[PDB]
(Lines of atoms letter the chains of each structure in order from A and count residues from 1; the text may use other names and numbers.)
(Lines give C-alpha, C1' and ligand atoms only; values in the text may rest on other atoms or scores of the structure.)
Protein backbone atom coordinates (compact mmCIF):
# COMPACT_ATOMS: atom_id res chain seq x y z
CA UNK A 1 0.00 0.00 0.00
CA UNK A 2 -0.71 2.23 -1.70
CA UNK A 3 -1.53 0.03 -4.70
CA UNK A 4 -0.93 1.39 -8.20
CA UNK A 5 -2.70 1.25 -11.54
CA UNK A 6 -0.61 0.52 -14.62
CA UNK A 7 -1.59 0.85 -18.26
CA UNK A 8 0.80 -1.53 -20.03
CA UNK A 9 0.38 -0.08 -23.51
CA UNK A 10 1.40 -1.20 -26.98
CA UNK A 11 3.72 1.82 -27.45
CA UNK A 12 3.55 3.82 -24.16
CA UNK A 13 2.88 2.79 -20.57
CA UNK A 14 1.45 4.89 -17.76
CA UNK A 15 1.21 4.52 -13.97
CA UNK A 16 -1.06 6.22 -11.48
CA UNK A 17 -1.72 6.10 -7.76
CA UNK A 18 -4.89 7.13 -5.97
CA UNK A 19 -4.30 9.07 -2.75
CA UNK A 20 -6.53 11.45 -0.80
CA UNK A 21 -9.43 10.93 -3.19
CA UNK A 22 -7.28 12.04 -6.13
CA UNK A 23 -5.39 10.21 -8.84
CA UNK A 24 -1.78 11.21 -9.42
CA UNK A 25 -0.44 10.30 -12.85
CA UNK A 26 3.26 9.84 -12.06
CA UNK A 27 6.03 11.49 -14.11
CA UNK A 28 9.23 9.54 -14.79
CA UNK A 29 12.87 10.62 -14.33
CA UNK A 30 12.62 12.72 -17.48
CA UNK A 31 9.37 14.35 -16.39
CA UNK A 32 7.17 12.41 -18.81
CA UNK A 33 3.73 11.22 -17.69
CA UNK A 34 3.88 8.23 -20.07
CA UNK A 35 6.87 5.96 -20.79
CA UNK A 36 7.75 4.19 -24.08
CA UNK A 37 7.06 0.44 -23.92
CA UNK A 38 10.63 -0.05 -25.21
CA UNK A 39 13.64 -2.10 -24.11
CA UNK A 40 17.10 -1.94 -25.70
CA UNK A 41 20.18 -4.14 -25.37
CA UNK A 42 23.76 -3.01 -26.07
CA UNK A 43 27.31 -4.27 -25.57
CA UNK A 44 27.27 -2.96 -22.00
CA UNK A 45 23.73 -2.22 -20.86
CA UNK A 46 19.99 -2.87 -20.85
CA UNK A 47 17.86 0.22 -21.44
CA UNK A 48 14.16 0.66 -20.67
CA UNK A 49 11.64 3.39 -21.52
CA UNK A 50 12.86 6.79 -22.74
CA UNK A 51 16.51 5.70 -22.60
CA UNK A 52 15.66 2.80 -24.90
CA UNK A 53 13.54 4.69 -27.42
CA UNK A 54 16.01 7.56 -27.56
CA UNK A 55 18.63 5.29 -29.15
CA UNK A 56 16.26 3.25 -31.35
CA UNK A 57 17.50 5.03 -34.51
CA UNK A 58 21.11 3.83 -34.09
CA UNK A 59 20.34 0.40 -32.63
CA UNK A 60 17.25 -0.95 -34.52
CA UNK A 61 18.19 -4.63 -34.26
CA UNK A 62 18.42 -4.82 -30.47
CA UNK A 63 15.73 -2.31 -29.48
CA UNK A 64 12.52 -4.19 -28.74
CA UNK A 65 9.00 -2.76 -28.88
CA UNK A 66 5.52 -4.14 -29.68
CA UNK A 67 5.94 -7.00 -27.18
CA UNK A 68 2.19 -6.68 -26.47
CA UNK A 69 1.46 -7.89 -30.01
CA UNK A 70 3.18 -11.20 -29.15
CA UNK A 71 2.20 -11.67 -25.52
CA UNK A 72 0.12 -14.78 -24.84
CA UNK A 73 0.33 -16.01 -28.46
CA UNK A 74 1.77 -19.12 -30.13
CA UNK A 75 4.50 -18.83 -32.74
CA UNK A 76 2.21 -20.39 -35.37
CA UNK A 77 -0.29 -17.63 -34.71
CA UNK A 78 -1.13 -15.96 -38.03
CA UNK A 79 -0.83 -12.43 -36.57
CA UNK A 80 2.55 -13.31 -35.08
CA UNK A 81 3.76 -14.56 -38.47
CA UNK A 82 2.55 -11.36 -40.18
CA UNK A 83 3.88 -8.90 -37.59
CA UNK A 84 7.37 -10.50 -37.59
CA UNK A 85 8.06 -9.34 -41.12
CA UNK A 86 7.75 -5.72 -40.00
CA UNK A 87 10.01 -5.71 -36.96
CA UNK A 88 13.75 -4.88 -37.14
CA UNK A 89 14.39 -7.39 -34.33
CA UNK A 90 14.29 -11.19 -34.51
CA UNK A 91 11.47 -13.40 -33.27
CA UNK A 92 12.36 -17.07 -32.90
CA UNK A 93 10.44 -20.25 -32.17
CA UNK A 94 11.04 -22.11 -28.94
CA UNK A 95 8.82 -25.16 -28.41
CA UNK A 96 5.99 -23.43 -30.26
CA UNK A 97 6.20 -20.14 -28.37
CA UNK A 98 7.62 -16.84 -29.74
CA UNK A 99 10.70 -15.20 -28.19
CA UNK A 100 12.52 -12.05 -29.26
CA UNK A 101 16.21 -12.65 -29.91
CA UNK A 102 18.81 -9.91 -29.36
CA UNK A 103 22.51 -9.39 -28.67
CA UNK A 104 23.37 -8.28 -25.14
CA UNK A 105 26.93 -7.96 -23.82
CA UNK A 106 28.20 -9.71 -26.94
CA UNK A 107 26.03 -12.80 -26.45
CA UNK A 108 22.80 -13.91 -28.14
CA UNK A 109 19.77 -14.03 -25.86
CA UNK A 110 16.03 -14.58 -26.19
CA UNK A 111 13.17 -13.36 -24.02
CA UNK A 112 9.52 -14.35 -23.83
CA UNK A 113 7.02 -11.53 -24.45
CA UNK A 114 6.12 -11.59 -20.73
CA UNK A 115 9.79 -11.08 -19.83
CA UNK A 116 10.14 -8.04 -22.08
CA UNK A 117 6.91 -6.66 -20.59
CA UNK A 118 8.11 -7.43 -17.04
CA UNK A 119 11.00 -5.06 -17.78
CA UNK A 120 8.58 -2.31 -18.81
CA UNK A 121 6.44 -2.93 -15.71
CA UNK A 122 9.52 -2.84 -13.48
CA UNK A 123 10.30 0.60 -14.90
CA UNK A 124 6.74 1.69 -14.13
CA UNK A 125 6.99 0.18 -10.64
CA UNK A 126 10.20 2.13 -9.92
CA UNK A 127 8.69 5.30 -11.36
CA UNK A 128 5.85 4.98 -8.83
CA UNK A 129 8.35 4.12 -6.10
CA UNK A 130 10.54 7.15 -6.83
CA UNK A 131 7.45 9.32 -6.42
CA UNK A 132 5.98 7.56 -3.37
CA UNK A 133 9.32 7.04 -1.66
CA UNK A 134 8.03 3.63 -0.63
CA UNK A 135 8.03 0.11 -2.08
CA UNK A 136 5.21 -0.66 -4.51
CA UNK A 137 3.85 -4.21 -4.45
CA UNK A 138 0.18 -4.35 -5.41
CA UNK A 139 -1.07 -3.23 -8.79
CA UNK A 140 -3.98 -3.48 -11.20
CA UNK A 141 -2.78 -3.98 -14.76
CA UNK A 142 -4.99 -3.37 -17.78
CA UNK A 143 -5.47 -5.30 -21.04
CA UNK A 144 -7.51 -4.79 -24.25
CA UNK A 145 -11.09 -6.02 -23.92
CA UNK A 146 -10.44 -8.65 -26.60
CA UNK A 147 -7.53 -10.32 -24.81
CA UNK A 148 -8.10 -14.04 -24.21
CA UNK A 149 -7.19 -16.12 -21.15
CA UNK A 150 -3.66 -16.84 -22.38
CA UNK A 151 -2.98 -13.18 -23.09
CA UNK A 152 -4.39 -12.17 -19.71
CA UNK A 153 -2.37 -14.88 -17.96
CA UNK A 154 0.81 -13.80 -19.78
CA UNK A 155 0.21 -10.15 -18.83
CA UNK A 156 -0.33 -11.15 -15.20
CA UNK A 157 2.89 -13.18 -15.30
CA UNK A 158 4.73 -10.13 -16.64
CA UNK A 159 3.61 -8.36 -13.48
CA UNK A 160 4.58 -11.21 -11.17
CA UNK A 161 8.02 -11.35 -12.75
CA UNK A 162 8.40 -7.59 -12.15
CA UNK A 163 7.87 -8.14 -8.44
CA UNK A 164 4.26 -6.99 -8.45
CA UNK A 165 1.24 -8.68 -6.89
CA UNK A 166 -1.40 -8.24 -9.59
CA UNK A 167 -4.62 -7.63 -7.65
CA UNK A 168 -6.54 -7.97 -10.89
CA UNK A 169 -6.41 -7.67 -14.69
CA UNK A 170 -9.16 -5.40 -16.01
CA UNK A 171 -10.15 -4.23 -19.50
CA UNK A 172 -8.79 -0.93 -20.80
CA UNK A 173 -12.19 0.46 -21.84
CA UNK A 174 -13.59 -0.34 -18.38
CA UNK A 175 -10.66 1.43 -16.68
CA UNK A 176 -11.35 4.51 -18.85
CA UNK A 177 -15.02 4.46 -17.82
CA UNK A 178 -14.01 4.19 -14.16
CA UNK A 179 -11.73 7.23 -14.58
CA UNK A 180 -14.80 9.30 -15.43
CA UNK A 181 -16.84 7.84 -12.56
CA UNK A 182 -19.18 6.12 -15.00
CA UNK A 183 -19.37 3.04 -12.75
CA UNK A 184 -21.55 4.76 -10.12
CA UNK A 185 -25.16 3.59 -10.01
CA UNK A 186 -28.05 6.05 -10.21
CA UNK A 187 -30.85 3.94 -11.65
CA UNK A 188 -30.97 2.06 -14.93
CA UNK A 189 -28.21 0.93 -17.29
CA UNK A 190 -26.05 3.36 -19.26
CA UNK A 191 -24.36 2.70 -22.61
CA UNK A 192 -20.80 4.02 -22.81
CA UNK A 193 -18.72 4.10 -26.00
CA UNK A 194 -14.93 4.10 -25.67
CA UNK A 195 -13.09 5.52 -28.71
CA UNK A 196 -9.47 4.43 -28.19
CA UNK A 197 -6.86 5.56 -30.75
CA UNK A 198 -3.32 5.06 -29.46
CA UNK A 199 0.08 4.89 -31.10
CA UNK A 200 -0.29 1.44 -32.57
CA UNK A 201 -3.90 0.26 -32.27
CA UNK A 202 -7.48 1.48 -32.57
CA UNK A 203 -10.55 0.12 -30.83
CA UNK A 204 -14.13 1.07 -30.17
CA UNK A 205 -15.84 -0.59 -27.22
CA UNK A 206 -19.48 -0.32 -26.24
CA UNK A 207 -20.17 -1.14 -22.60
CA UNK A 208 -23.43 -1.31 -20.67
CA UNK A 209 -23.18 -0.36 -17.01
CA UNK A 210 -25.69 -1.09 -14.26
CA UNK A 211 -25.15 -1.37 -10.49
CA UNK A 212 -21.44 -0.90 -11.06
CA UNK A 213 -21.37 -4.01 -13.24
CA UNK A 214 -19.85 -3.81 -16.73
CA UNK A 215 -21.02 -5.76 -19.78
CA UNK A 216 -18.98 -5.55 -22.98
CA UNK A 217 -21.69 -5.20 -25.64
CA UNK A 218 -19.36 -5.08 -28.65
CA UNK A 219 -15.84 -4.29 -29.79
CA UNK A 220 -14.49 -3.08 -33.14
CA UNK A 221 -11.40 -1.42 -34.55
CA UNK A 222 -8.06 -1.97 -36.24
CA UNK A 223 -5.09 -3.45 -34.38
CA UNK A 224 -2.91 -1.84 -37.05
CA UNK A 225 -4.11 1.77 -37.00
CA UNK A 226 -2.42 4.19 -34.65
CA UNK A 227 -0.67 7.52 -34.28
CA UNK A 228 2.52 6.03 -35.72
CA UNK A 229 0.65 5.60 -38.99
CA UNK A 230 -0.06 9.33 -39.02
CA UNK A 231 3.64 9.98 -38.41
CA UNK A 232 4.52 7.85 -41.46
CA UNK A 233 2.28 9.96 -43.71
CA UNK A 234 4.35 12.96 -42.58
CA UNK A 235 7.68 11.19 -43.03
CA UNK A 236 6.89 10.42 -46.69
CA UNK A 237 5.74 14.01 -47.24
CA UNK A 238 9.08 15.30 -45.97
CA UNK A 239 11.18 12.70 -47.75
CA UNK A 240 9.57 14.05 -50.94
CA UNK A 241 10.33 17.59 -49.76
CA UNK A 242 13.98 16.98 -48.87
CA UNK A 243 14.32 15.30 -52.27
CA UNK A 244 13.01 18.38 -54.09
CA UNK A 245 15.21 20.88 -52.27
CA UNK A 246 18.43 18.84 -52.27
CA UNK A 247 17.98 16.35 -55.13
CA UNK A 248 18.75 13.63 -52.54
CA UNK A 249 16.65 10.66 -51.40
CA UNK A 250 17.09 9.73 -47.72
CA UNK A 251 14.76 6.70 -47.87
CA UNK A 252 17.46 4.04 -47.66
CA UNK A 253 19.24 5.60 -44.69
CA UNK A 254 17.38 3.82 -41.86
CA UNK A 255 18.72 6.21 -39.23
CA UNK A 256 17.77 9.41 -41.09
CA UNK A 257 14.28 7.98 -41.65
CA UNK A 258 13.83 7.06 -37.98
CA UNK A 259 15.10 10.48 -36.90
CA UNK A 260 12.67 12.18 -39.28
CA UNK A 261 9.87 10.01 -37.85
CA UNK A 262 10.72 11.28 -34.35
CA UNK A 263 10.62 14.90 -35.53
CA UNK A 264 7.21 14.28 -37.16
CA UNK A 265 5.81 12.62 -34.03
CA UNK A 266 6.82 15.74 -32.09
CA UNK A 267 5.46 18.12 -34.74
CA UNK A 268 2.19 16.15 -34.73
CA UNK A 269 1.68 16.62 -30.98
CA UNK A 270 2.26 20.34 -31.41
CA UNK A 271 -0.35 20.47 -34.19
CA UNK A 272 -3.01 19.35 -31.68
CA UNK A 273 -2.46 22.64 -29.83
CA UNK A 274 -1.21 24.97 -32.57
CA UNK A 275 -1.95 25.45 -36.27
CA UNK A 276 1.68 25.13 -37.39
CA UNK A 277 4.82 23.28 -36.34
CA UNK A 278 8.54 23.71 -37.09
CA UNK A 279 10.82 20.81 -37.97
CA UNK A 280 14.54 21.34 -37.39
CA UNK A 281 16.87 18.41 -37.74
CA UNK A 282 20.64 18.91 -37.80
CA UNK A 283 22.69 16.71 -40.11
CA UNK A 284 19.76 14.69 -41.44
CA UNK A 285 21.55 13.36 -44.51
CA UNK A 286 25.18 13.83 -45.62
CA UNK A 287 25.57 16.78 -43.26
CA UNK A 288 22.57 18.62 -44.69
CA UNK A 289 20.28 20.10 -42.01
CA UNK A 290 16.53 19.96 -42.54
CA UNK A 291 14.72 23.10 -41.35
CA UNK A 292 11.08 23.31 -42.43
CA UNK A 293 7.51 23.42 -41.13
CA UNK A 294 4.02 21.99 -41.59
CA UNK A 295 0.50 23.24 -40.98
CA UNK A 296 -2.37 21.54 -39.18
CA UNK A 297 -4.35 21.80 -42.42
CA UNK A 298 -1.64 19.97 -44.36
CA UNK A 299 -1.20 17.42 -41.57
CA UNK A 300 -4.95 16.69 -41.71
CA UNK A 301 -4.90 16.33 -45.50
CA UNK A 302 -2.02 13.85 -45.43
CA UNK A 303 -4.16 11.73 -43.06
CA UNK A 304 -7.71 12.54 -44.22
CA UNK A 305 -8.54 8.96 -45.24
CA UNK A 306 -7.16 7.40 -42.07
CA UNK A 307 -8.98 9.89 -39.86
CA UNK A 308 -12.31 9.50 -41.64
CA UNK A 309 -11.94 5.73 -41.62
CA UNK A 310 -12.12 5.64 -37.81
CA UNK A 311 -15.89 6.05 -38.14
CA UNK A 312 -16.47 2.64 -39.75
CA UNK A 313 -15.53 0.72 -36.60
CA UNK A 314 -17.85 3.08 -34.71
CA UNK A 315 -20.84 2.16 -36.89
CA UNK A 316 -20.01 -1.53 -36.73
CA UNK A 317 -19.68 -1.49 -32.93
CA UNK A 318 -23.11 0.18 -32.63
CA UNK A 319 -24.59 -2.31 -35.07
CA UNK A 320 -23.20 -5.31 -33.18
CA UNK A 321 -24.33 -3.90 -29.84
CA UNK A 322 -27.75 -3.40 -31.46
CA UNK A 323 -27.74 0.28 -30.55
CA UNK A 324 -28.37 3.54 -32.38
CA UNK A 325 -26.11 6.62 -32.05
CA UNK A 326 -28.76 8.23 -29.86
CA UNK A 327 -28.65 5.38 -27.36
CA UNK A 328 -25.03 6.10 -26.39
CA UNK A 329 -24.99 7.97 -23.08
CA UNK A 330 -21.27 8.78 -22.89
CA UNK A 331 -18.39 8.91 -25.35
CA UNK A 332 -14.94 8.54 -23.79
CA UNK A 333 -11.69 9.46 -25.55
CA UNK A 334 -8.67 7.25 -24.87
CA UNK A 335 -5.34 7.25 -26.67
CA UNK A 336 -2.98 10.11 -27.34
CA UNK A 337 -4.22 10.32 -30.92
CA UNK A 338 -7.74 11.28 -29.83
CA UNK A 339 -6.25 14.69 -28.97
CA UNK A 340 -6.14 15.47 -32.69
CA UNK A 341 -8.75 18.23 -33.31
CA UNK A 342 -9.86 16.77 -36.66
CA UNK A 343 -10.55 13.37 -35.10
CA UNK A 344 -12.66 14.96 -32.39
CA UNK A 345 -14.60 16.85 -35.07
CA UNK A 346 -15.25 13.66 -37.06
CA UNK A 347 -16.42 11.66 -34.02
CA UNK A 348 -18.41 14.60 -32.69
CA UNK A 349 -20.00 15.30 -36.07
CA UNK A 350 -20.86 11.63 -36.39
CA UNK A 351 -22.67 11.85 -33.05
CA UNK A 352 -24.43 15.01 -34.15
CA UNK A 353 -22.75 17.40 -31.74
CA UNK A 354 -22.69 15.21 -28.64
CA UNK A 355 -20.02 16.35 -26.18
CA UNK A 356 -17.00 14.13 -25.60
CA UNK A 357 -15.55 13.09 -22.22
CA UNK A 358 -12.05 14.45 -22.76
CA UNK A 359 -10.96 16.37 -19.65
CA UNK A 360 -8.60 13.55 -18.62
CA UNK A 361 -5.54 13.18 -20.93
CA UNK A 362 -6.57 10.33 -23.28
CA UNK A 363 -3.15 8.71 -22.98
CA UNK A 364 -3.61 8.73 -19.18
CA UNK A 365 -7.27 7.71 -18.85
CA UNK A 366 -6.62 3.95 -18.62
CA UNK A 367 -3.93 4.33 -15.95
CA UNK A 368 -6.20 6.82 -14.17
CA UNK A 369 -9.04 4.29 -13.90
CA UNK A 370 -6.72 1.40 -12.99
CA UNK A 371 -5.37 3.50 -10.09
CA UNK A 372 -8.90 4.10 -8.78
CA UNK A 373 -9.74 0.40 -8.96
CA UNK A 374 -6.43 -0.60 -7.39
CA UNK A 375 -7.23 1.52 -4.33
CA UNK A 376 -10.69 -0.04 -4.12
CA UNK A 377 -9.36 -3.59 -4.33
CA UNK A 378 -6.59 -2.70 -1.88
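Numbering follows the first chain given and starts at 1.
Problem - Segment of higher mean CA temperature factor, 347-355 or 313-321 - result: Mean CA B-factor is higher for 313-321.
Handout entry: Mean C-alpha temperature factor, higher of 295-303 and 154-162
Key = 295-303 has the higher mean C-alpha B-factor.
Problem - Of the residues 73, 266, 123, 99, the one carrying the largest Cα B-factor as recorded - result: Across 73, 266, 123, 99, the entry lists the biggest C-alpha B-factor for 266.
Problem - Deposited CA B-factor, highest of 143, 250, 92, 167 - result: Of the candidates given, the C-alpha B-factor peaks at 250.
Practice task
Would you check the entry's CA temperature factor for residue 374 and let me know if it's in the chain's lowest, middle or highest third?
Solution key: For residue 374, the deposited C-alpha B-factor lands in the middle third.
Exercise for the section: For residue 129, return the chain-relative third of its C-alpha B-factor as stated in the PDB record: lowest, middle or highest. Expected result: Residue 129: CA B-factor falls in the lowest third of its chain.
Practice task
Can you work out whether the C-alpha temperature factor of residue 172 puts it in the lowest, middle or highest third of the chain?
Solution key: Its C-alpha B-factor belongs to the lowest third of this chain's values.
Handout entry: For residue 34, the third of its chain into which the C-alpha B factor falls
Key = Residue 34: CA B-factor falls in the lowest third of its chain.
Problem - B-factor third for the C-alpha atom of residue 262 within its chain - result: Ranked within chain, residue 262 CA B lands in the middle tercile.
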